[PDB]
Amino acid sequence: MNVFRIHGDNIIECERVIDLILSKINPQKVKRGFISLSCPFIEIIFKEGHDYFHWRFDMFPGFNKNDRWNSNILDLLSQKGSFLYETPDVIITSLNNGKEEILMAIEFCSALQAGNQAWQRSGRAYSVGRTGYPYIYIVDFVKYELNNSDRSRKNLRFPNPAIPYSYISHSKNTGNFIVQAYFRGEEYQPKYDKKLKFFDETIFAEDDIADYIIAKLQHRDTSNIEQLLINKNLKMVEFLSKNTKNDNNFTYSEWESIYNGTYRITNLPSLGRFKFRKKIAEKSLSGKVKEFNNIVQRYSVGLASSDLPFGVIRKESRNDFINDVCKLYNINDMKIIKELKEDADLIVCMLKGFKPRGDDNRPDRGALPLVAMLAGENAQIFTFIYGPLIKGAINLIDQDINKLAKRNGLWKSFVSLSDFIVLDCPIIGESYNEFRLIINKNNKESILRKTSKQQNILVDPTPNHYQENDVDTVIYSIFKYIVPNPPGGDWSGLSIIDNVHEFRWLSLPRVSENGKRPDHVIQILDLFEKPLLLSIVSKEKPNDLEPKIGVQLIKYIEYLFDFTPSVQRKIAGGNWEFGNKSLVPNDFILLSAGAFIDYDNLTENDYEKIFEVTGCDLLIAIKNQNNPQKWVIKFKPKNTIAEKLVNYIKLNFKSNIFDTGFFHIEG
DNA sequence: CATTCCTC
DNA sequence: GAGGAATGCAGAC
DNA sequence: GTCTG
Ligand SMILES: [Cl-]
Ligand SMILES: [Mg+2]
């Protein structure tokens with residue numbers, strides 16, 4: 001038998017990996033249960049003809065920020081060079097010789113993001129990619145952005161072709177497998193959207209990703225599977241680049257010449273046919289920012305796009321660019337100028353970095369990683385920042401820049417990848433800008449060698465304490481596996497099924513005017529004459545359940561019922577189509593539930609007060625028993641309908657697959 | 001995490 | 001319009 | 001009251 005561990009941000013993320021495996025693997029024997037109170041498992045026996053295999057997947061929901069688990073699995077990434085504070089959605093490990101070894105990192109993205117949102121999470125791919133551990137970025141193509149007021153669809157937005165290409169270039173540079181894989185989203189409707197007329201459906205990688213995962217679990221040669229996935233990532237670059245105006249963006253022939261190794265991104269013969277022209281909003285301008293931008297536009301050549309936040313100053317024009325920068329900011333020191341004038345191409349990245357109050361820009365954290373993925377981390381990068389800094393930030397820059405990098409993820413990104421950091425920033429509470437020219441070359445070189453303490457890691461299945469993650473794991477296990485077809489809902493979408501169709505609402509907002517998005521929505525069809533939709537919220541303590549949370553969960557489902565579902569499909573047939581017919585709330589029984597951990601500190605009066613405060617129809621008080629390890633579940637119904645649900649759960653707390661022996665239902 | 005704002 | 005620039009809320013601490 | 005999703 002081989003044992004694997006799925007370390008995820010939550011049980012849903014862990015189960016997504018199992019669903020990928022199970023989509024290709026048709027197992028002969030499947031057994032579910034818990035190895036510990038926090039760790040569910042799935043044990044499978046499957047065969048490849050005559051060859052039988054026995055695997056067990058132990059799931060570890062919720063990553064550390066020794067915070068939750070006794071040791072952090074993410075430490076194995078920082079030991080191999082992942083110096084950014086980047087957490088993927090899932091880490092699959094193999095248990096061998098009493099320790100864990102990372103097989104791959106997986107990140108799930110609900111939509112093909114566009115603009116600076118496309119590279120917002122590029123730090124994850126850059127940092128995990130330079131470790132040698134594969135990084136698989138799985139994105140749904142496509143999901144429409146909605147106007148949350150009326151759920152009407154906004155026009156499709158696509159990332160710059162350089163974003164999907166950065167994964168391929170990072171793969172080439174690092175010798176590691178870093179790829180962007182596209183899964184067919186329910187809203188992929190090419191018959192109705194003209195933007196998708198030239199999309200090649202061979203780019204979809206559902207079968208290929210499952211084949212790759214299974215081959216890695218089997219310790220098989222993945223070279224051929226990797227090449228198929230890389231080719232699909234390259235076809236996305238072709239789809240995107242052939243849909244953009246060639247005048248100020250790279251053509252597919254240019255990307256292809258870089259891909260096949262004919263030229264590097266900085267020695268392209270056609271480099272310069274468009275310049276690097278950074279767009280700065282008027283409201284953002286201060287100090288000598290506008291004149292610096294003019295100096296850049298005087299010597300720059302465009303890198304992939306004329307308006308991306310970065311470009312190249314070729315070594316042939318570097319001396320004149322440096323001379324102009326020194327004349328603008330009154331840099332006279334001969335030692336400083338000598339460092340700036342090194343004979344090599346210079347990549348100039350210009351970022352505001354900070355919002356009006358001095359708070360860091362989330363998308364900017366992936367800007368330098370994107371540059372490093374495209375042109376190599378060893379390339380000389382000149383980072384120019386012009387946004388407002390709080391007095392504490394400028395003080396740390398002049399005292400110990402690494403101390404600032406340690407507290408803030410954006411500063412971490414800047415200090416780790418810039419050879420020169422130039423600030424021309426307003427300081428909050430001060431009348432004028434502060435200028436800094438930081439020769440960060442030695443520091444960057446040291447950071448690119450920094451690795452955390454080498455140590456074998458075996459995450460103990462029992463955490464420091466049980467909290468929201470554990471409540472969520474228990475709620476998901478009971479309602480999704482123990483209690484007996486419908487998908488239900490979560491933060492990614494709500495599905496409602498009948499005898500012919502499945503209706504699905506995508507792009508769920510966190511809140512509506514009167515509602516709050518439930519953690520889980522459970523559909524029960526064989527209890528009442530109408531289907532039941534049970535909306536659940538999970539918290540660590542009963543007092544964490546906010547006032548009227550139960551009423552807000554129902555009002556959220558009522559909000560979705562006010563609109564035609566995003567998509568629908570015939571369960572018997574297939575293929576997702578756009579929503580045609582509206583659903584009616586009277587066709588369903590809606591109930592709300594609040595789940596939490598309670599160690600018998602709640603009296604009859606306390607339960608009565610929780611019901612009065614939250615308005616929940618059902619309260620699920622969960623408590624762990626240590627010897628023997630068991631989850632004691634106490635279901636407290638508020639009314640007669642919820643009591644019928646409690647009886648249904650108690651009667652159906654039986655399973656041929658799930659080991660119900662780990663639970664004790666008091667009532 | 002995501003939506004609106006602003007420049008070419 | 002295209003699409004990068006520029007925002008802020010929220011939850012957890 | 002800060003950091004990050
Ligand atoms: Cl194409
Ligand atoms: Mg992720």
# chains A, B, ... in the order shown; residues from 1 in each chain; ligands from 1

$ interface_residues --of "chain B" --to "chain A" --cutoff "9 Å" --atoms "only C-alpha atoms (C1' of nucleotides)" --output "MDAnalysis selection string"
chainID B and resid 2 6:8

$ residues_near_ligand --ligand "ligand 2" --cutoff "8 Å" --atoms "only C-alpha atoms (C1' of nucleotides) and all ligand atoms" --output "ChimeraX atom specification"
/A:87-90,106-109

$ residues_around --residues "residue 20 (chain A)" --least-positions-apart "5" --cutoff "12 Å" --atoms "only C-alpha atoms (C1' of nucleotides)" --output "ChimeraX atom specification"
/A:13-15,25-26,106,138,183,205-214

$ interface_residues --of "chain C" --to "chain A" --cutoff "7 Å" --atoms "only C-alpha atoms (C1' of nucleotides)" --output "number ranges by chain"
C: 3-5

$ write_last_selection --atoms "N, CA, C and O atoms (P, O5', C5', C4', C3', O3' and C1' of nucleotides)" --output "mmCIF file, in the first residue's frame"
data_model
loop_
_atom_site.group_PDB
_atom_site.id
_atom_site.type_symbol
_atom_site.label_atom_id
_atom_site.label_comp_id
_atom_site.auth_asym_id
_atom_site.auth_seq_id
_atom_site.Cartn_x
_atom_site.Cartn_y
_atom_site.Cartn_z
ATOM 1 P P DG C 3 -7.338 43.944 -25.475
ATOM 2 O "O5'" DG C 3 -6.730 44.437 -24.085
ATOM 3 C "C5'" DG C 3 -5.756 45.469 -24.067
ATOM 4 C "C4'" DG C 3 -5.514 45.948 -22.650
ATOM 5 C "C3'" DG C 3 -5.544 44.854 -21.574
ATOM 6 O "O3'" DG C 3 -4.567 45.147 -20.596
ATOM 7 C "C1'" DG C 3 -6.988 46.528 -20.985
ATOM 8 P P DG C 4 -3.461 44.069 -20.199
ATOM 9 O "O5'" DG C 4 -2.516 44.891 -19.207
ATOM 10 C "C5'" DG C 4 -1.808 46.011 -19.688
ATOM 11 C "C4'" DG C 4 -2.050 47.208 -18.807
ATOM 12 C "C3'" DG C 4 -1.614 47.059 -17.355
ATOM 13 O "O3'" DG C 4 -0.917 48.248 -16.966
ATOM 14 C "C1'" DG C 4 -3.836 47.785 -17.457
ATOM 15 P P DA C 5 -0.516 48.556 -15.437
ATOM 16 O "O5'" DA C 5 -1.660 49.573 -14.981
ATOM 17 C "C5'" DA C 5 -1.816 50.812 -15.669
ATOM 18 C "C4'" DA C 5 -2.578 51.814 -14.825
ATOM 19 C "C3'" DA C 5 -2.053 52.002 -13.405
ATOM 20 O "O3'" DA C 5 -2.252 53.361 -12.994
ATOM 21 C "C1'" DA C 5 -4.243 51.084 -13.324
#

$ interface_residues --of "chain A" --to "chain D" --cutoff "9 Å" --atoms "only C-alpha atoms (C1' of nucleotides)" --output "VMD selection string"
chain A and resid 362 407 to 409
